[PDB]
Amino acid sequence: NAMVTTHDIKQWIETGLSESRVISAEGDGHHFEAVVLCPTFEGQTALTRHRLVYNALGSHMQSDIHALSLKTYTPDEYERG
């Protein structure tokens, strides 16, 4: 997408990363924030959790999305919050 929306960010991550839910996606076309839940993050460092997400966004991350800030939770970290 030449002009990225928050609904893009949400669809692309859920498509690329199985069992993920983007519970919040915010931003203006250039700077975004996303809160991502995935049970696959269990036992993974914050850095790894973030990389799985950037990798799931594939070429969108490389070419379309200028900046993307993340909070990554397991479903359990989120419900126990």
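Sequential numbering from 1, following the sequence displayed.
Novice: Against its chain's modelled residues, does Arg21's Cα B factor rank lowest, middle or highest third?
Specialist: Lowest third, going by the recorded CA B-factors of the chain.
Novice: Relative to the other modelled residues in the chain, which third contains the C-alpha temperature factor of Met61: lowest, middle or highest?
Specialist: Highest third.
Novice: Splitting the chain's C-alpha B-factors into thirds, which one does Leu37 fall into?
Specialist: Lowest third.
Novice: Within this chain's modelled residues, let me know which third the CA B factor of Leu70 belongs to: lowest, middle or highest.
Specialist: Middle third by C-alpha B-factor.
Novice: Relative to the other modelled residues of the same chain, rank the CA B-factor of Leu47 and answer lowest, middle or highest third.
Specialist: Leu47: CA B-factor falls in the highest third of its chain.
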